[PDB]
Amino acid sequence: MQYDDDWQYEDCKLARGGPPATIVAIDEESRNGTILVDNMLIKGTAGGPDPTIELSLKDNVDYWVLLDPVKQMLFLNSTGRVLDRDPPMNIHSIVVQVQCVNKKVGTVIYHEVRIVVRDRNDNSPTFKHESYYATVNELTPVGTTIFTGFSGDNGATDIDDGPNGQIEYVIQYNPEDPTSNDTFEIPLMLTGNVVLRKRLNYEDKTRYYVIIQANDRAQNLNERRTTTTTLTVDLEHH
């Protein structure tokens, strides 16, 4: 009967239903040998003494993926380097093709694999400068914004993606200048702009050391990262 030989064509076809592409996710900077695909689920036997198929990798850009044809497993090859999702490497995904050749009939089927690289909160906020400064006139009204130096990446930045890379600024109490966190405020944590909260008096105090901490916005509070800078505020008379 016609199609009685169709069994010969089964090797290299997927041994699973669902869509043709195989898509997985792994964390950036996973260690060498991390399993990417535990089992490609391709019909047939590769390797061994009587294989029915030949499996290999195509379009393996920079050789990030290693294939064990016997187990049909794909692993990360990252010895001597790191799979970095953040700049400057910017690896958000890896796409490779698992080429399958059917030995009996010579047909070739390509099984696309997409590895989605997840961002980790592996970077802390970093300030562009080692310290910040503002000069404020003694007559400045309370409520006036007196420092905007964190505007347009001059403050803290964080190279992670999403909330992991978004910054919040808060003023901390300074034991060596106790009144500084009472005299100045950051009412809007996203900008880090500093506002005068109390009337100044040049005859009493001429310099304030304001401790400002930047944190990122990682979902898990215990995975958040923080960095601190000092804003020195000097009063002017004239």
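Superpose the two forms; the largest set of C-alphas matching within 1.5 Å is the rigid core. In this text, residue numbers run from 1 along the sequence as written.
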Core-aligned Cα RMS comparison in 6 other deposited structures of this protein - stretch that moves more, 30 to 38 or 46 to 54: 46 to 54
Greater Cα displacement in 6 other deposited structures of this protein once the core is superposed, comparing 134 to 142 with 108 to 116: 134 to 142
Mean C-alpha temperature factor, higher of 166 to 174 and 55 to 63: 55 to 63
Higher-scoring stretch by recorded Cα B factor average, 190 to 198 or 32 to 40: 32 to 40
Residue with maximal Cα B-factor (values as given in the PDB entry) among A134, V82, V101, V95: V82
Candidate set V113, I146, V108, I91 [ranked by C-alpha B-factor, highest]: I91
Third of chain Cα B-factors occupied by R217: middle
Cα B factor band for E203 (lowest, middle or highest third within the chain): highest
CA B-factor ranking of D68, expressed as a third of its chain: highest
Position of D182 among the chain's modelled residues by C-alpha B-factor, lowest, middle or highest third: lowest
